[PDB]
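Have a look at the structure below before the remarks.
In the authors' numbering, the protein residues as written are 4 to 85, 89 to 190, 195 to 342, 350 to 366, 368 to 387.
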């Protein structure tokens with residue numbers, strides 16, 4: 004009930020963000036963790052007041068206007084994963103003390119760690135933050151927070167990191183992978203497998219979908235494939251007309267001949283513009299209200315929200331990672354051949371952990387690091 008609502012609201016936030024990112028970065032293989040973004044921003048909301056807090060509640064789709072109830076809603080999920091590792095930490099300017107309620111909600115409900123750092127020594131502070139993020143993401147997310155967005159005016163950085171490594175319930179055979187056409195055409199490694207999978211025809215979306223489960227988990231990779239080679243932008247628009255829950259409830263087990271690219275993607279973005287377009291502008295402005303963060307009466311605002319994500323999909327399974335850092339400163350059979358662009362979601366039970375697009379693929383002919 005409370006759990007279903009949390010998933011529903013995160014799913015809507017997810018498609019909202021996906022839509023704004025796709026508009027901001029049209030030809031790119033977007034990948035992001037909506038869960039990471041919402042969690043990090045909800046932590047910031049605990050320290051917000053007045054219209055800043057209200058914007059965050061309503062723009063993120065949080066459970067209510069009550070900080071304790073909001074915090075508890077995240078605890079329920081975070082605790083359930085006490089394959090998937092999620093970690094929160096706050097990094098606080100040396101000499102500044104957190105307010106008790108902010109500190110208590112972060113520690114007890116968001117299971118957040120806390121550490122004091124010297125942001126005036128901004129290279130050192132960034133290294134501390136970024137090393138922690140690497141350690142929470144199997145070194146897949148590097149240099150999350152650059153030194154050059156931190157300085158003596160920085161007061162805290164809130165970070166969420168998430169790491170996923172799953173093995174397919176039904177793995178692909180490596181010796182069956184072959185180069186084949188991806189229609190943008196290019197030749198890329200295509201993995202082939204015939205199995206019973208949860209599948210749906212989605213004719214009102216002009217698409218089809220398939221779920222690939224991971225063993226020893228209630229996690230799966232949902233692939234939504236337009237029926238036409240050029241159909242992804244239209245599908246992306248139409249997903250707004252439905253819900254993730256309605257899509258996954260349409261799935262039924264059936265024998266499928268699957269072809270899926272062996273692919274990887276990395277994506278990074280500063281999310282201020284996305285948040286502004288989703289009606290959460292006040293937090294970045296000189297009218298921002300974050301007086302519940304620190305004992306100090308210094309007015310604060312958000313100077314950056316940085317998100318980085320990574321995913322690799324191969325014959326054995328999937329590994330994915332992401333992190334979100336928010337800097338706060340003082341104010342001065351059926352064939353299912355995924356051989357053209359598609360969208361995908363790593364979903365727990368309609369709780370989306372990762373969301374992305376495959377729009378362009380190439381086999382690199384150059385050696386590189």
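Here a beta-carbon is modelled for each residue, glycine too, at the ideal position from N, C-alpha and C.
Write down the C-beta distance between residue i and residue j rounded to the nearest angstrom, noting that I regard them as a contact closer than 8 Å.
{"i": "residue 136", "j": "residue 146", "result": "Not confirmed; about 12 Å, so no contact."}
{"i": "residue 83", "j": "residue 9", "result": "Between residue 9 and residue 83 the Cβ distance is about 11 Å, and since that is not below 8 Å, they are no contact."}
{"i": "residue 86", "j": "residue 20", "result": "In the model as presented, the chain runs from 85 straight to 89, which leaves residue 86 without coordinates."}
{"i": "residue 333", "j": "residue 165", "result": "6 Å"}
{"i": "residue 178", "j": "residue 201", "result": "4 Å"}
{"i": "residue 5", "j": "residue 68", "result": "Rounded, the Cβ-Cβ distance is 16 Å, inconsistent with contact."}
{"i": "residue 203", "j": "residue 176", "result": "6 Å"}
{"i": "residue 357", "j": "residue 239", "result": "4 Å"}
{"i": "residue 225", "j": "residue 174", "result": "7 Å"}
Could you name the residues that DSSP lists as bridge partners for residue i?
{"i": "residue 174", "result": "224"}
{"i": "residue 361", "result": "233, 374"}
{"i": "residue 335", "result": "165, 316"}
{"i": "residue 96", "result": "120, 164"}
{"i": "residue 290", "result": "DSSP, once it has assigned bridges, lists no residue as partnering residue 290."}
{"i": "residue 340", "result": "310"}
{"i": "residue 184", "result": "200"}
{"i": "residue 300", "result": "DSSP output for residue 300 lists no bridge partner at all."}
Could you give the distance in angstroms between the alpha-carbon of residue i and the alpha-carbon of residue j?
{"i": "residue 273", "j": "residue 342", "result": "45 Å"}
{"i": "residue 29", "j": "residue 307", "result": "42 Å"}
{"i": "residue 235", "j": "residue 374", "result": "12 Å"}
{"i": "residue 237", "j": "residue 31", "result": "20 Å"}
{"i": "residue 222", "j": "residue 387", "result": "31 Å"}
{"i": "residue 134", "j": "residue 116", "result": "21 Å"}
{"i": "residue 46", "j": "residue 73", "result": "9 Å"}
{"i": "residue 457", "j": "residue 271", "result": "This structure does not reach residue 457, given that the chain is present from 4 up to 387, and the question cannot be answered."}
{"i": "residue 367", "j": "residue 242", "result": "In this structure residue 367 is absent; the chain steps straight from 366 to 368."}
{"i": "residue 197", "j": "residue 275", "result": "17 Å"}
{"i": "residue 71", "j": "residue 113", "result": "12 Å"}
{"i": "residue 152", "j": "residue 140", "result": "14 Å"}
{"i": "residue 338", "j": "residue 27", "result": "24 Å"}
{"i": "residue 127", "j": "residue 161", "result": "13 Å"}
{"i": "residue 313", "j": "residue 105", "result": "21 Å"}
{"i": "residue 279", "j": "residue 380", "result": "22 Å"}
{"i": "residue 89", "j": "residue 363", "result": "12 Å"}
{"i": "residue 352", "j": "residue 53", "result": "53 Å"}
{"i": "residue 244", "j": "residue 18", "result": "14 Å"}
{"i": "residue 44", "j": "residue 322", "result": "26 Å"}
{"i": "residue 138", "j": "residue 107", "result": "25 Å"}
{"i": "residue 309", "j": "residue 383", "result": "52 Å"}
{"i": "residue 48", "j": "residue 59", "result": "6 Å"}
Verify whether the separation of the beta carbon atoms of residue i and residue j is less than 8 Å.
{"i": "residue 209", "j": "residue 266", "result": "yes"}
{"i": "residue 288", "j": "residue 62", "result": "yes"}
{"i": "residue 101", "j": "residue 328", "result": "no"}
{"i": "residue 233", "j": "residue 359", "result": "yes"}
{"i": "residue 39", "j": "residue 168", "result": "yes"}
{"i": "residue 336", "j": "residue 163", "result": "yes"}
{"i": "residue 14", "j": "residue 368", "result": "yes"}
{"i": "residue 183", "j": "residue 325", "result": "yes"}
{"i": "residue 50", "j": "residue 300", "result": "yes"}
{"i": "residue 125", "j": "residue 156", "result": "yes"}
{"i": "residue 330", "j": "residue 261", "result": "no"}
{"i": "residue 110", "j": "residue 305", "result": "no"}
{"i": "residue 159", "j": "residue 11", "result": "no"}
{"i": "residue 143", "j": "residue 206", "result": "no"}
{"i": "residue 246", "j": "residue 36", "result": "no"}
Is residue i close to chain D? Criterion is C-beta to C-beta, closer than 8 Å.
{"i": "residue 209", "result": "As a matter of chain content, chain D is missing from the structure shown, which is built from one protein chain."}
Can you determine whether any heavy atom of the ligand GDP sits closer than 7 Å to the C-beta of residue i, and answer yes or no?
{"i": "residue 364", "result": "The model depicted lacks the ligand GDP and carries no ligand whatsoever."}
Three or more C-beta pairs below 8 Å linking the segment 115 to 131 and the segment 89 to 104: yes
Cβ contact (3+ pairs, closer than 8 Å) linking the segment 285 to 305 and the segment 242 to 252: no
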